[PDB]
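In: take these chains first, placed just as they are in the complex:
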Amino acid sequence: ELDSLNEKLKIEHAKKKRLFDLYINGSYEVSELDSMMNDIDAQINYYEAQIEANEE
């Protein structure tokens, strides 16, 4: 279902914002952040692709 994909999407966004908060508070090192950001970015792309898929 589309909307099921839609809220899984904004969860990834929430993860992105939360991750930003964590680093700023000195919880993570720069190098790790990039990788974890890419991992989230990748999953967002997957979710987005699903939305582009169901055009029917």
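Out: Okay, I see it. Residues are numbered from 1 along each chain as shown, chains lettered A, B, ... in the order given.
In: may I ask which helix or strand encompasses the residue most central in space within chain A?
Out: The residue lying closest to the centre of chain A (Cα atoms, centre = their mean) is residue A:12, at 3.1 Å. Assigned by DSSP states H and E, residue A:12 falls within helix A:2-24.
In: just checking, what packs against the next helix or strand after that helix?
Out: The element immediately downstream of helix A:2-24 (helix or strand, assigned by DSSP H and E) is helix A:30-53. If contacts are counted by 3 or more Cβ pairs under 8 Å, 6 or more residues apart in numbering; DSSP states H and E, helix A:30-53 sits against helix A:2-24. Using the backbone N, CA and C atoms, a C-beta is placed for each residue, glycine as well.
In: mind listing what's buried along the helix it packs on?
Out: A:5, A:9, A:12, A:15, A:16, A:19 (16 or more other Cβ atoms under 10 Å).
In: for those, which one is nearest residue A:48?
Out: Each of those was scored against residue A:48 by Cβ to Cβ, and residue A:9 proved nearest at 7.4 Å.
In: and then chain B:
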Amino acid sequence: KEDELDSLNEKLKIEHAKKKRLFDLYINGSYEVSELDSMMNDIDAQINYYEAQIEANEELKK
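Out: That brings us to chain B, laid onto the chains above:
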């Protein structure tokens, strides 16, 4: 508050540390400036508040 508000100065140093951490992101770039700028404004806002709080108390000494 009975010299316990020296913690306020400590609370300031935290935001300053945050500022430096955020600047690391700016330097590396590739994180949307709009996203970084929003955080930058939030920190700058916190600094100014705490800064104003400090001078008020230091004034209240005499």
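In: can you check the buried residues of helix A:2-24 again with chain B included?
Out: Buried residues in helix A:2-24, counted by 16 or more other Cβ atoms under 10 Å in any protein chain shown: A:5, A:9, A:12, A:15, A:16, A:19, A:20, A:23, A:24.
In: including distance to chain B, could those go into JSON lines?
Out: Shown next, in JSON lines, are these (distance: Cβ to the nearest Cβ, whole Å):
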{"residue": "A:5", "distance to chain B": "23"}
{"residue": "A:9", "distance to chain B": "17"}
{"residue": "A:12", "distance to chain B": "14"}
{"residue": "A:15", "distance to chain B": "14"}
{"residue": "A:16", "distance to chain B": "9"}
{"residue": "A:19", "distance to chain B": "11"}
{"residue": "A:20", "distance to chain B": "7"}
{"residue": "A:23", "distance to chain B": "6"}
{"residue": "A:24", "distance to chain B": "5"}
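In: the residue lying closest to residue A:6 once chain neighbours are set aside: what's it in contact with?
Out: Distance criterion Cβ to Cβ, 6 or more residues apart in numbering or on different chains; nearest residue to residue A:6, sequence neighbours excluded, is residue A:51 at 7.5 Å. Going by Cβ atoms under 8 Å, 6 or more residues apart in numbering or on different chains, residue A:51 touches A:2, A:5, A:6, A:9.
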